[PDB]
Amino acid sequence: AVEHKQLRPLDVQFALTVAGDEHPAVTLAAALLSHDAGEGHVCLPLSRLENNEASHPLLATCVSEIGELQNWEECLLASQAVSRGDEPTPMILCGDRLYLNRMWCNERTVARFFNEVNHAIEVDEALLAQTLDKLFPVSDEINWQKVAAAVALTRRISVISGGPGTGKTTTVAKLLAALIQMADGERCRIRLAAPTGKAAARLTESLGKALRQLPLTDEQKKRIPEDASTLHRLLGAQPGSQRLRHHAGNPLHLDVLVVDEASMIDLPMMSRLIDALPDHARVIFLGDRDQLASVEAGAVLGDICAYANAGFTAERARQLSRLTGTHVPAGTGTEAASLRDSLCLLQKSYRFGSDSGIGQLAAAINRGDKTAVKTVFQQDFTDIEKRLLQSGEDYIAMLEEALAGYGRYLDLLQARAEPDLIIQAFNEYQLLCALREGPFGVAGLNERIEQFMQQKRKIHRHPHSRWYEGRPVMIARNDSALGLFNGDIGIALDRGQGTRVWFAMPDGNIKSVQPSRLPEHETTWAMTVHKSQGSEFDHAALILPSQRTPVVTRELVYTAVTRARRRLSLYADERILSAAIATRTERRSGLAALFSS
DNA sequence: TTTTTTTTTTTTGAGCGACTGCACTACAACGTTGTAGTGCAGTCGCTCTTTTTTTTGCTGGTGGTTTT
């Protein structure tokens, strides 16, 4: 890539410290490995290092041995920095892929967790089928949620892959209801994990409103899960040290663990969660397959769910047909039966069907760009609009359409109404941009919207006050004392006691906080796609820059499409949207070779 | 080029010198035994200051703060 050529000083200093007085081949390999680990690639194949490097004949002529060091494996193993996994070396080369020692340890831990410990819990099939028939009312055709709940309650470790609006939380509620109704006398300490606090709050309110609907008992309501915790808070991560409370000696005293949003879970946090689990806990992972990658280096959920396209096994198809009582198809071939059995694919979306163009566009994002052009082209399904953004008049037209997007918000702001309706009207329309600074970014679009509200008589703003009535703010760091998490929106207005910011709590109430008590506050007229994950908006509008950037890729446009409930607008060029679909954010990892053997 | 989380403390005196108890042999009183002197080991008090010393250019010299 363009960023991969501009070498960071960290990779150069790491290569000069690790290699030192060794050959320049080890220096170039360590620099390329550190640069690929900085971008998020877990493994480094030796074929790319051999072919796509111009210094390869130079390093071939620099080495001098009896065997001449023609292979990269002998040249790396001749140095004291690369071993086969026995000596405590920083770099590990085992399967013709060079990685770091920590990444190799976490990759082998994930492969051992998903290849060996995932055994089959044998339960009664008749009572499970009766609970699935009494919980799921649809029994006429094939329902993927029933098969997902059956394959999650059958095996210990299970991964549920599904997009937004497909009823994943209802599937988790039916799964937990059948889990408690199956084991009556056995105690079940259900635990819920989330990577972020706002997604944890959404998970708590969604599972509460899903489990209060289903009929339970007096002892069944006692075994309701209490709360969803952060992954740093469940394992006991400290700010100063990396020492965990449940690292390797005492595991977490849990029975079943549901980890929501596994797409934002990186490889070290996944390995630290795996090392904390006991030998009897059953873990259910949630997340989308085609969603955006993790925050730090690593891609766990994508490399897990890459084998979901092959299908199930021959025996597992008959097992699912005996459990669900319907016709479950089988997958052709068998490469890894445990991982292909533990996976599932959700295709039937309940909040949107084939009549809406949003789901068809989300299905056409993973396909070629001409499928997306055909999806936007014919009749637009009264849901998706596309506006070309090339010059300043297109920018003025985009701001004019954003005026109509925030029209109900400004109407409720000018009419001096209750703040709850103001927050409910603001949570229906949302702009999503890629970058932060410049003319195309967060700070550009926020300042342009503030200048446009200063121009037209819609929002009065004092230049020296910085806390005018009607500014939307968002928090950047968590604050458990105030009850607000990262990614929560607040609207500043004057109720009569002064300019205070109202936040919409997930418990149904509204909280008025002083702006002096806010730890962080950033203007949120246009959110980044990485920071808008977990939330949902009724009318989303994606804005992509004209300059080519590695942020705008297939998963970014997919998360921008799946962010919209009903209406979605686009402001991008044709060439940028055509090139962003083909350029997929691939992350090289050794999971595809370890799961194939 | 984007971005995630997190609130639990800990530990710290040792050498010098005496008190007391049990073992251990030397030697005189009545072969054996009681009294005396010393060695070794467990247990315990105790105790660890005091303080102040200065040259630096007021504007030393074409120097000089502030409004359009």
# chains A, B, ... in the order shown; residues from 1 in each chain; ligands from 1
$ closest_atom_pairs --of "chain B" --to "chain A" --cutoff "7 Å" --atoms "only C-alpha atoms (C1' of nucleotides)" --output "tab-separated table"
residue	atom	partner	partner_atom	distance
B:1	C1'	A:551	CA	5.9
B:2	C1'	A:530	CA	6.4
B:3	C1'	A:295	CA	5.6
B:4	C1'	A:295	CA	6.9
B:5	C1'	A:232	CA	6.0
B:6	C1'	A:238	CA	4.8
$ write_last_selection --atoms "N, CA, C and O atoms (P, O5', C5', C4', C3', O3' and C1' of nucleotides)" --output "compact mmCIF listing (two decimals), in the first residue's frame"
# COMPACT_ATOMS: atom_id res chain seq x y z
P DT B 1 -4.43 9.82 4.14
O5' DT B 1 -4.85 8.72 5.22
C5' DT B 1 -4.83 9.05 6.61
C4' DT B 1 -5.78 8.16 7.39
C3' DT B 1 -5.99 8.55 8.85
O3' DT B 1 -7.29 9.14 9.03
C1' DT B 1 -5.81 6.17 8.54
P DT B 2 -7.77 9.68 10.46
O5' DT B 2 -8.51 8.42 11.14
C5' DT B 2 -9.86 8.14 10.80
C4' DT B 2 -10.28 6.76 11.29
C3' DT B 2 -10.42 6.61 12.79
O3' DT B 2 -11.66 7.15 13.23
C1' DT B 2 -9.46 4.65 11.79
P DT B 3 -11.75 7.89 14.66
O5' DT B 3 -11.52 6.71 15.72
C5' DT B 3 -12.52 5.73 15.93
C4' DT B 3 -11.93 4.51 16.61
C3' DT B 3 -11.78 4.63 18.12
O3' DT B 3 -12.97 4.21 18.76
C1' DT B 3 -9.78 3.74 17.14
P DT B 4 -13.21 4.50 20.32
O5' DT B 4 -12.59 3.22 21.05
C5' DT B 4 -13.00 1.91 20.68
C4' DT B 4 -13.12 1.00 21.89
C3' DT B 4 -13.05 1.70 23.24
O3' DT B 4 -13.92 1.06 24.16
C1' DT B 4 -11.10 0.32 22.87
P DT B 5 -14.86 1.95 25.11
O5' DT B 5 -15.21 0.97 26.32
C5' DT B 5 -14.62 1.18 27.59
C4' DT B 5 -13.43 0.27 27.81
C3' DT B 5 -12.68 0.49 29.11
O3' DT B 5 -13.28 -0.28 30.15
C1' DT B 5 -11.18 0.08 27.26
P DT B 6 -14.31 0.40 31.17
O5' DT B 6 -13.59 0.30 32.59
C5' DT B 6 -13.09 -0.96 33.04
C4' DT B 6 -11.75 -0.77 33.72
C3' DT B 6 -11.58 0.56 34.42
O3' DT B 6 -12.09 0.49 35.74
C1' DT B 6 -9.59 -0.08 33.21
$ residues_around --residues "residue A:489" --least-positions-apart "4" --cutoff "9 Å" --atoms "only C-alpha atoms (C1' of nucleotides)" --output "MDAnalysis selection string"
chainID A and resid 423 427 472:475 502:504 524
$ atom_distance --atom1 "atom CA of residue A:459" --atom2 "atom CA of residue A:444"
18.3 Å
$ residues_around --residues "stretch 566-568 of chain A" --least-positions-apart "3" --cutoff "7 Å" --atoms "only C-alpha atoms (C1' of nucleotides)" --output "PDB file with N, CA, C and O atoms, in the first residue's frame"
ATOM      1  N   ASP A 383     -35.845   4.120  -1.339  1.00  0.00           N
ATOM      2  CA  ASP A 383     -35.091   4.065  -0.091  1.00  0.00           C
ATOM      3  C   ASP A 383     -33.689   4.645  -0.200  1.00  0.00           C
ATOM      4  O   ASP A 383     -33.229   5.295   0.742  1.00  0.00           O
ATOM      5  N   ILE A 384     -33.000   4.431  -1.318  1.00  0.00           N
ATOM      6  CA  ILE A 384     -31.608   4.834  -1.477  1.00  0.00           C
ATOM      7  C   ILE A 384     -31.527   5.920  -2.545  1.00  0.00           C
ATOM      8  O   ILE A 384     -32.026   5.744  -3.664  1.00  0.00           O
ATOM      9  N   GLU A 385     -30.912   7.046  -2.188  1.00  0.00           N
ATOM     10  CA  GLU A 385     -30.655   8.142  -3.109  1.00  0.00           C
ATOM     11  C   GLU A 385     -29.152   8.331  -3.258  1.00  0.00           C
ATOM     12  O   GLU A 385     -28.380   8.060  -2.331  1.00  0.00           O
ATOM     13  N   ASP A 538     -32.277   6.028  11.521  1.00  0.00           N
ATOM     14  CA  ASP A 538     -33.359   5.834  10.563  1.00  0.00           C
ATOM     15  C   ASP A 538     -33.006   6.371   9.181  1.00  0.00           C
ATOM     16  O   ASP A 538     -33.352   5.746   8.172  1.00  0.00           O
ATOM     17  N   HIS A 539     -32.321   7.511   9.111  1.00  0.00           N
ATOM     18  CA  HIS A 539     -31.938   8.130   7.846  1.00  0.00           C
ATOM     19  C   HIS A 539     -30.447   8.428   7.910  1.00  0.00           C
ATOM     20  O   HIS A 539     -30.033   9.423   8.517  1.00  0.00           O
ATOM     21  N   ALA A 540     -29.648   7.581   7.275  1.00  0.00           N
ATOM     22  CA  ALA A 540     -28.204   7.750   7.259  1.00  0.00           C
ATOM     23  C   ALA A 540     -27.763   8.341   5.928  1.00  0.00           C
ATOM     24  O   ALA A 540     -28.402   8.144   4.893  1.00  0.00           O
ATOM     25  N   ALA A 541     -26.663   9.088   5.966  1.00  0.00           N
ATOM     26  CA  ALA A 541     -26.122   9.689   4.749  1.00  0.00           C
ATOM     27  C   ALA A 541     -24.608   9.561   4.779  1.00  0.00           C
ATOM     28  O   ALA A 541     -23.947  10.186   5.614  1.00  0.00           O
TER      29      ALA A 541
END
$ residues_around --residues "stretch 52-64 of chain A" --least-positions-apart "6" --cutoff "10 Å" --atoms "only C-alpha atoms (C1' of nucleotides)" --output "list in words"
residues 22, 23, 24, 25, 26, 28, 32, 70, 71, 72 and 75 of chain A
$ select_by_dssp --residues "stretch 334-445 of chain A" --states "strand (DSSP E or B)" --output "ChimeraX atom specification"
/A:345,384-387,429-433
$ residues_around --residues "stretch 23-28 of chain B" --least-positions-apart "4" --cutoff "9 Å" --atoms "only C-alpha atoms (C1' of nucleotides)" --output "PyMOL selection string"
chain B and resi 36-40
$ write_last_selection --atoms "N, CA and C atoms (P, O5', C5', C4', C3', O3' and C1' of nucleotides)" --output "PDB file, in the first residue's frame"
ATOM      1  P    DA B  36      25.964 -25.045  95.897  1.00  0.00           P
ATOM      2  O5'  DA B  36      27.091 -24.893  94.773  1.00  0.00           O
ATOM      3  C5'  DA B  36      28.442 -25.225  95.080  1.00  0.00           C
ATOM      4  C4'  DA B  36      29.315 -25.178  93.836  1.00  0.00           C
ATOM      5  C3'  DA B  36      29.115 -23.946  92.950  1.00  0.00           C
ATOM      6  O3'  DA B  36      30.379 -23.420  92.564  1.00  0.00           O
ATOM      7  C1'  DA B  36      28.859 -25.918  91.666  1.00  0.00           C
ATOM      8  P    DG B  37      30.518 -21.881  92.120  1.00  0.00           P
ATOM      9  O5'  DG B  37      30.982 -21.971  90.594  1.00  0.00           O
ATOM     10  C5'  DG B  37      32.145 -22.713  90.253  1.00  0.00           C
ATOM     11  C4'  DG B  37      32.110 -23.128  88.797  1.00  0.00           C
ATOM     12  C3'  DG B  37      31.754 -22.005  87.819  1.00  0.00           C
ATOM     13  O3'  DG B  37      32.822 -21.806  86.907  1.00  0.00           O
ATOM     14  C1'  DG B  37      30.520 -23.998  87.352  1.00  0.00           C
ATOM     15  P    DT B  38      32.810 -20.558  85.895  1.00  0.00           P
ATOM     16  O5'  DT B  38      32.334 -21.207  84.515  1.00  0.00           O
ATOM     17  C5'  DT B  38      33.070 -22.289  83.970  1.00  0.00           C
ATOM     18  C4'  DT B  38      32.292 -22.987  82.872  1.00  0.00           C
ATOM     19  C3'  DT B  38      31.872 -22.098  81.694  1.00  0.00           C
ATOM     20  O3'  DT B  38      32.337 -22.684  80.482  1.00  0.00           O
ATOM     21  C1'  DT B  38      30.077 -23.445  82.424  1.00  0.00           C
ATOM     22  P    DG B  39      32.494 -21.814  79.139  1.00  0.00           P
ATOM     23  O5'  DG B  39      31.713 -22.689  78.052  1.00  0.00           O
ATOM     24  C5'  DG B  39      30.895 -23.771  78.486  1.00  0.00           C
ATOM     25  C4'  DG B  39      30.254 -24.483  77.313  1.00  0.00           C
ATOM     26  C3'  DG B  39      29.945 -23.600  76.120  1.00  0.00           C
ATOM     27  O3'  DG B  39      29.776 -24.401  74.953  1.00  0.00           O
ATOM     28  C1'  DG B  39      27.948 -24.098  77.307  1.00  0.00           C
ATOM     29  P    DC B  40      29.455 -23.725  73.530  1.00  0.00           P
ATOM     30  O5'  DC B  40      27.861 -23.828  73.407  1.00  0.00           O
ATOM     31  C5'  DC B  40      27.245 -25.109  73.327  1.00  0.00           C
ATOM     32  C4'  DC B  40      25.730 -24.998  73.276  1.00  0.00           C
ATOM     33  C3'  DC B  40      25.178 -23.984  72.269  1.00  0.00           C
ATOM     34  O3'  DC B  40      24.144 -24.595  71.506  1.00  0.00           O
ATOM     35  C1'  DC B  40      24.218 -23.628  74.401  1.00  0.00           C
TER      36       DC B  40
END
$ decode --residues "stretch 5-50 of chain B" --atoms "N, CA and C atoms (P, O5', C5', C4', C3', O3' and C1' of nucleotides)" --output "short mmCIF file (atom, residue, chain, number, x, y, z; two decimals), in the first residue's frame"
data_model
loop_
_atom_site.label_atom_id
_atom_site.label_comp_id
_atom_site.auth_asym_id
_atom_site.auth_seq_id
_atom_site.Cartn_x
_atom_site.Cartn_y
_atom_site.Cartn_z
P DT B 5 -14.86 1.95 25.11
"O5'" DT B 5 -15.21 0.97 26.32
"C5'" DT B 5 -14.62 1.18 27.59
"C4'" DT B 5 -13.43 0.27 27.81
"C3'" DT B 5 -12.68 0.49 29.11
"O3'" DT B 5 -13.28 -0.28 30.15
"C1'" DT B 5 -11.18 0.08 27.26
P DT B 6 -14.31 0.40 31.17
"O5'" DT B 6 -13.59 0.30 32.59
"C5'" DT B 6 -13.09 -0.96 33.04
"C4'" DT B 6 -11.75 -0.77 33.72
"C3'" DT B 6 -11.58 0.56 34.42
"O3'" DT B 6 -12.09 0.49 35.74
"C1'" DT B 6 -9.59 -0.08 33.21
P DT B 7 -13.36 1.40 36.15
"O5'" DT B 7 -13.41 1.26 37.75
"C5'" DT B 7 -13.31 -0.02 38.35
"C4'" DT B 7 -12.01 -0.15 39.12
"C3'" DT B 7 -12.06 0.36 40.56
"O3'" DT B 7 -11.34 -0.52 41.41
"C1'" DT B 7 -10.37 1.50 39.38
P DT B 8 -12.12 -1.45 42.45
"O5'" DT B 8 -11.60 -0.95 43.88
"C5'" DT B 8 -10.21 -0.68 44.08
"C4'" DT B 8 -9.49 -1.92 44.57
"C3'" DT B 8 -8.24 -1.65 45.38
"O3'" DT B 8 -8.58 -1.41 46.74
"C1'" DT B 8 -7.83 -3.37 43.79
P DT B 9 -7.80 -0.28 47.57
"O5'" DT B 9 -6.28 -0.45 47.11
"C5'" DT B 9 -5.22 -0.07 47.98
"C4'" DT B 9 -4.69 -1.27 48.74
"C3'" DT B 9 -3.34 -1.05 49.44
"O3'" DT B 9 -3.39 -1.61 50.74
"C1'" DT B 9 -3.22 -2.94 48.03
P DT B 10 -2.17 -1.38 51.77
"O5'" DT B 10 -1.24 -2.66 51.55
"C5'" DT B 10 -1.82 -3.96 51.55
"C4'" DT B 10 -0.80 -5.01 51.13
"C3'" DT B 10 0.55 -4.92 51.85
"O3'" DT B 10 0.92 -6.21 52.32
"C1'" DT B 10 0.88 -4.97 49.51
P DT B 11 1.61 -6.37 53.77
"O5'" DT B 11 3.12 -5.91 53.52
"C5'" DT B 11 3.93 -6.58 52.56
"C4'" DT B 11 5.33 -6.01 52.55
"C3'" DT B 11 5.93 -5.75 53.93
"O3'" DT B 11 7.24 -6.30 54.00
"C1'" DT B 11 6.13 -3.82 52.58
P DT B 12 7.57 -7.47 55.05
"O5'" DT B 12 8.68 -6.83 56.01
"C5'" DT B 12 8.36 -5.69 56.80
"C4'" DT B 12 9.35 -4.57 56.54
"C3'" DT B 12 9.71 -3.75 57.76
"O3'" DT B 12 10.76 -4.38 58.46
"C1'" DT B 12 9.31 -2.33 55.87
P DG B 13 11.05 -3.98 59.99
"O5'" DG B 13 12.36 -3.07 59.90
"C5'" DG B 13 13.43 -3.45 59.03
"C4'" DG B 13 14.72 -3.70 59.80
"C3'" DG B 13 14.78 -5.01 60.57
"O3'" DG B 13 16.11 -5.49 60.58
"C1'" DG B 13 14.99 -3.23 62.08
P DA B 14 16.52 -6.82 59.77
"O5'" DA B 14 18.08 -6.96 60.05
"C5'" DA B 14 18.90 -5.79 60.13
"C4'" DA B 14 19.61 -5.71 61.47
"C3'" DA B 14 19.92 -7.06 62.13
"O3'" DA B 14 21.23 -7.04 62.66
"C1'" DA B 14 18.80 -5.68 63.64
P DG B 15 22.23 -8.27 62.43
"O5'" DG B 15 23.51 -7.89 63.31
"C5'" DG B 15 24.12 -6.61 63.14
"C4'" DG B 15 24.36 -5.95 64.49
"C3'" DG B 15 25.05 -6.82 65.54
"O3'" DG B 15 26.08 -6.07 66.16
"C1'" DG B 15 23.02 -5.95 66.41
P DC B 16 27.21 -6.81 67.03
"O5'" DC B 16 26.86 -6.38 68.53
"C5'" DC B 16 26.60 -5.01 68.83
"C4'" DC B 16 26.15 -4.85 70.27
"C3'" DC B 16 26.74 -5.88 71.23
"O3'" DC B 16 27.31 -5.21 72.35
"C1'" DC B 16 24.37 -5.81 71.43
P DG B 17 28.22 -6.03 73.40
"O5'" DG B 17 27.21 -6.37 74.58
"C5'" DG B 17 26.39 -5.35 75.12
"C4'" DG B 17 25.20 -5.93 75.85
"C3'" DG B 17 25.54 -7.10 76.79
"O3'" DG B 17 25.26 -6.74 78.14
"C1'" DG B 17 23.56 -7.50 75.52
P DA B 18 25.80 -7.65 79.36
"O5'" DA B 18 24.47 -8.30 79.96
"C5'" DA B 18 23.60 -7.51 80.76
"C4'" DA B 18 22.17 -8.03 80.71
"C3'" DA B 18 21.86 -9.21 81.64
"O3'" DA B 18 20.72 -8.90 82.44
"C1'" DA B 18 21.04 -9.62 79.46
P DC B 19 20.50 -9.62 83.87
"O5'" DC B 19 18.97 -10.09 83.81
"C5'" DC B 19 18.41 -10.48 82.57
"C4'" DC B 19 17.18 -11.34 82.78
"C3'" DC B 19 17.30 -12.39 83.87
"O3'" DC B 19 16.01 -12.73 84.36
"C1'" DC B 19 17.30 -13.45 81.75
P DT B 20 15.84 -13.78 85.56
"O5'" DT B 20 15.60 -15.18 84.81
"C5'" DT B 20 14.55 -15.29 83.86
"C4'" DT B 20 14.57 -16.65 83.18
"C3'" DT B 20 14.80 -17.85 84.10
"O3'" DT B 20 13.81 -18.83 83.86
"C1'" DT B 20 16.23 -17.95 82.22
P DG B 21 13.50 -19.99 84.93
"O5'" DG B 21 13.76 -21.33 84.09
"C5'" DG B 21 13.10 -21.53 82.85
"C4'" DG B 21 13.85 -22.52 81.98
"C3'" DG B 21 14.27 -23.81 82.69
"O3'" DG B 21 13.77 -24.94 81.98
"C1'" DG B 21 16.08 -22.88 81.46
P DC B 22 13.67 -26.37 82.69
"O5'" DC B 22 14.79 -27.24 81.95
"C5'" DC B 22 14.75 -27.37 80.53
"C4'" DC B 22 16.08 -27.85 79.99
"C3'" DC B 22 16.66 -29.10 80.67
"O3'" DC B 22 17.01 -30.06 79.67
"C1'" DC B 22 18.29 -27.41 80.52
P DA B 23 17.41 -31.57 80.08
"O5'" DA B 23 18.98 -31.63 79.76
"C5'" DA B 23 19.42 -31.56 78.41
"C4'" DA B 23 20.91 -31.24 78.33
"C3'" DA B 23 21.85 -32.31 78.87
"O3'" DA B 23 22.91 -32.52 77.94
"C1'" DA B 23 22.38 -30.22 79.81
P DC B 24 23.73 -33.90 77.92
"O5'" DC B 24 25.25 -33.41 77.88
"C5'" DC B 24 25.57 -32.07 78.24
"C4'" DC B 24 26.84 -32.03 79.07
"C3'" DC B 24 27.20 -33.34 79.77
"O3'" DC B 24 28.57 -33.65 79.56
"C1'" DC B 24 27.15 -31.57 81.34
P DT B 25 29.12 -35.14 79.79
"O5'" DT B 25 30.22 -34.97 80.93
"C5'" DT B 25 31.45 -34.33 80.62
"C4'" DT B 25 31.92 -33.44 81.76
"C3'" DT B 25 32.79 -34.12 82.82
"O3'" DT B 25 34.00 -33.38 82.99
"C1'" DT B 25 31.11 -32.82 83.83
P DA B 26 35.33 -34.08 83.55
"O5'" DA B 26 35.87 -33.04 84.64
"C5'" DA B 26 34.95 -32.15 85.26
"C4'" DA B 26 35.58 -31.45 86.45
"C3'" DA B 26 36.49 -32.32 87.30
"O3'" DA B 26 37.36 -31.48 88.07
"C1'" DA B 26 34.41 -31.99 88.40
P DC B 27 38.43 -32.12 89.09
"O5'" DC B 27 37.66 -32.12 90.49
"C5'" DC B 27 37.06 -30.92 90.97
"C4'" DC B 27 36.29 -31.16 92.26
"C3'" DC B 27 36.93 -32.16 93.23
"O3'" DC B 27 36.83 -31.65 94.56
"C1'" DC B 27 34.70 -32.75 92.83
P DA B 28 37.87 -32.11 95.70
"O5'" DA B 28 36.95 -32.27 97.01
"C5'" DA B 28 36.32 -31.12 97.58
"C4'" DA B 28 34.94 -31.46 98.13
"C3'" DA B 28 34.92 -32.33 99.39
"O3'" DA B 28 33.87 -31.90 100.24
"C1'" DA B 28 33.69 -33.39 97.69
P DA B 29 33.90 -32.22 101.82
"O5'" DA B 29 32.54 -33.01 102.08
"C5'" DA B 29 31.29 -32.34 101.97
"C4'" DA B 29 30.12 -33.32 101.93
"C3'" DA B 29 30.03 -34.29 103.11
"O3'" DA B 29 28.68 -34.42 103.51
"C1'" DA B 29 30.14 -35.51 101.08
P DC B 30 28.30 -35.16 104.89
"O5'" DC B 30 27.82 -36.61 104.42
"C5'" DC B 30 26.72 -36.73 103.52
"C4'" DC B 30 26.52 -38.17 103.09
"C3'" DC B 30 26.51 -39.20 104.23
"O3'" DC B 30 25.38 -40.04 104.11
"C1'" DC B 30 28.02 -39.86 102.53
P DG B 31 35.07 -48.63 93.56
"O5'" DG B 31 33.51 -48.32 93.41
"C5'" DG B 31 32.59 -49.38 93.15
"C4'" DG B 31 31.19 -48.99 93.58
"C3'" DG B 31 30.47 -48.01 92.64
"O3'" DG B 31 29.10 -48.37 92.52
"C1'" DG B 31 30.60 -47.09 94.81
P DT B 32 28.15 -47.61 91.47
"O5'" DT B 32 27.47 -46.45 92.34
"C5'" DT B 32 26.69 -46.79 93.49
"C4'" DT B 32 26.22 -45.55 94.21
"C3'" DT B 32 25.62 -44.46 93.32
"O3'" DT B 32 24.32 -44.12 93.78
"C1'" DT B 32 27.23 -43.54 94.81
P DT B 33 23.31 -43.28 92.84
"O5'" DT B 33 23.30 -41.83 93.51
"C5'" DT B 33 22.97 -41.69 94.89
"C4'" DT B 33 23.35 -40.32 95.41
"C3'" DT B 33 22.74 -39.14 94.64
"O3'" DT B 33 22.20 -38.19 95.55
"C1'" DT B 33 25.08 -38.87 94.82
P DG B 34 20.98 -37.24 95.11
"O5'" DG B 34 21.46 -35.78 95.55
"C5'" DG B 34 21.74 -35.51 96.92
"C4'" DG B 34 22.71 -34.35 97.07
"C3'" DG B 34 22.25 -33.02 96.46
"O3'" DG B 34 22.52 -31.96 97.36
"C1'" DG B 34 24.35 -33.64 95.54
P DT B 35 21.87 -30.50 97.13
"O5'" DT B 35 23.11 -29.61 96.64
"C5'" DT B 35 24.24 -29.46 97.48
"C4'" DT B 35 25.42 -28.87 96.71
"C3'" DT B 35 25.13 -27.55 95.98
"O3'" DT B 35 26.10 -26.58 96.36
"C1'" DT B 35 26.25 -29.07 94.57
P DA B 36 25.96 -25.05 95.90
"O5'" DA B 36 27.09 -24.89 94.77
"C5'" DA B 36 28.44 -25.22 95.08
"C4'" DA B 36 29.31 -25.18 93.84
"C3'" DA B 36 29.11 -23.95 92.95
"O3'" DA B 36 30.38 -23.42 92.56
"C1'" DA B 36 28.86 -25.92 91.67
P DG B 37 30.52 -21.88 92.12
"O5'" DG B 37 30.98 -21.97 90.59
"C5'" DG B 37 32.15 -22.71 90.25
"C4'" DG B 37 32.11 -23.13 88.80
"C3'" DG B 37 31.75 -22.00 87.82
"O3'" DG B 37 32.82 -21.81 86.91
"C1'" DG B 37 30.52 -24.00 87.35
P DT B 38 32.81 -20.56 85.90
"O5'" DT B 38 32.33 -21.21 84.51
"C5'" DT B 38 33.07 -22.29 83.97
"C4'" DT B 38 32.29 -22.99 82.87
"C3'" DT B 38 31.87 -22.10 81.69
"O3'" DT B 38 32.34 -22.68 80.48
"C1'" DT B 38 30.08 -23.44 82.42
P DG B 39 32.49 -21.81 79.14
"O5'" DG B 39 31.71 -22.69 78.05
"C5'" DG B 39 30.90 -23.77 78.49
"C4'" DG B 39 30.25 -24.48 77.31
"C3'" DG B 39 29.94 -23.60 76.12
"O3'" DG B 39 29.78 -24.40 74.95
"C1'" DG B 39 27.95 -24.10 77.31
P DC B 40 29.45 -23.72 73.53
"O5'" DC B 40 27.86 -23.83 73.41
"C5'" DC B 40 27.24 -25.11 73.33
"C4'" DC B 40 25.73 -25.00 73.28
"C3'" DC B 40 25.18 -23.98 72.27
"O3'" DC B 40 24.14 -24.59 71.51
"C1'" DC B 40 24.22 -23.63 74.40
P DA B 41 23.61 -23.93 70.14
"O5'" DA B 41 22.08 -23.63 70.46
"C5'" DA B 41 21.27 -24.64 71.04
"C4'" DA B 41 20.04 -24.04 71.70
"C3'" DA B 41 19.36 -22.92 70.90
"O3'" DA B 41 17.96 -23.17 70.81
"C1'" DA B 41 19.75 -22.22 73.12
P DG B 42 17.09 -22.53 69.62
"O5'" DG B 42 15.89 -21.79 70.38
"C5'" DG B 42 14.99 -22.54 71.19
"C4'" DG B 42 14.30 -21.66 72.21
"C3'" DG B 42 13.59 -20.43 71.62
"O3'" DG B 42 12.27 -20.33 72.16
"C1'" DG B 42 15.06 -19.77 73.36
P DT B 43 11.25 -19.23 71.60
"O5'" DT B 43 11.45 -17.98 72.58
"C5'" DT B 43 11.26 -18.15 73.98
"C4'" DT B 43 11.52 -16.85 74.73
"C3'" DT B 43 10.95 -15.59 74.08
"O3'" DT B 43 10.11 -14.90 75.00
"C1'" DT B 43 13.21 -15.27 74.73
P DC B 44 9.27 -13.61 74.54
"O5'" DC B 44 10.20 -12.37 74.97
"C5'" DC B 44 10.41 -12.11 76.35
"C4'" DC B 44 11.43 -11.00 76.55
"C3'" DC B 44 11.10 -9.67 75.85
"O3'" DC B 44 11.20 -8.59 76.78
"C1'" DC B 44 13.32 -10.32 75.40
P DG B 45 10.39 -7.22 76.55
"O5'" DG B 45 11.51 -6.09 76.71
"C5'" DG B 45 11.82 -5.57 78.00
"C4'" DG B 45 13.14 -4.81 78.00
"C3'" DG B 45 13.13 -3.46 77.29
"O3'" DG B 45 14.00 -2.56 77.99
"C1'" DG B 45 14.75 -4.83 76.30
P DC B 46 13.87 -0.97 77.82
"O5'" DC B 46 15.38 -0.49 77.59
"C5'" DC B 46 16.28 -1.31 76.85
"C4'" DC B 46 16.96 -0.51 75.76
"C3'" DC B 46 16.07 0.53 75.10
"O3'" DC B 46 16.88 1.56 74.53
"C1'" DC B 46 16.65 -1.05 73.51
P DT B 47 17.17 2.92 75.33
"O5'" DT B 47 18.47 3.49 74.60
"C5'" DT B 47 19.31 2.61 73.85
"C4'" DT B 47 19.25 2.95 72.37
"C3'" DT B 47 18.36 4.15 72.01
"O3'" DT B 47 19.06 5.03 71.15
"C1'" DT B 47 17.79 2.29 70.68
P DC B 48 19.24 6.57 71.54
"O5'" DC B 48 19.84 7.24 70.22
"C5'" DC B 48 21.06 6.75 69.68
"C4'" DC B 48 20.86 6.30 68.25
"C3'" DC B 48 20.06 7.25 67.38
"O3'" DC B 48 20.90 8.24 66.83
"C1'" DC B 48 19.43 4.95 66.99
P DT B 49 20.26 9.59 66.23
"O5'" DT B 49 21.37 10.71 66.53
"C5'" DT B 49 21.28 11.99 65.91
"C4'" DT B 49 20.33 12.89 66.67
"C3'" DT B 49 20.34 14.35 66.23
"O3'" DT B 49 19.08 14.95 66.50
"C1'" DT B 49 21.25 14.18 68.41
P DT B 50 18.71 16.37 65.85
"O5'" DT B 50 19.00 17.41 67.03
"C5'" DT B 50 19.14 18.80 66.74
"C4'" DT B 50 20.43 19.34 67.33
"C3'" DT B 50 21.18 20.31 66.44
"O3'" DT B 50 20.70 21.63 66.63
"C1'" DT B 50 22.67 18.76 67.53
#
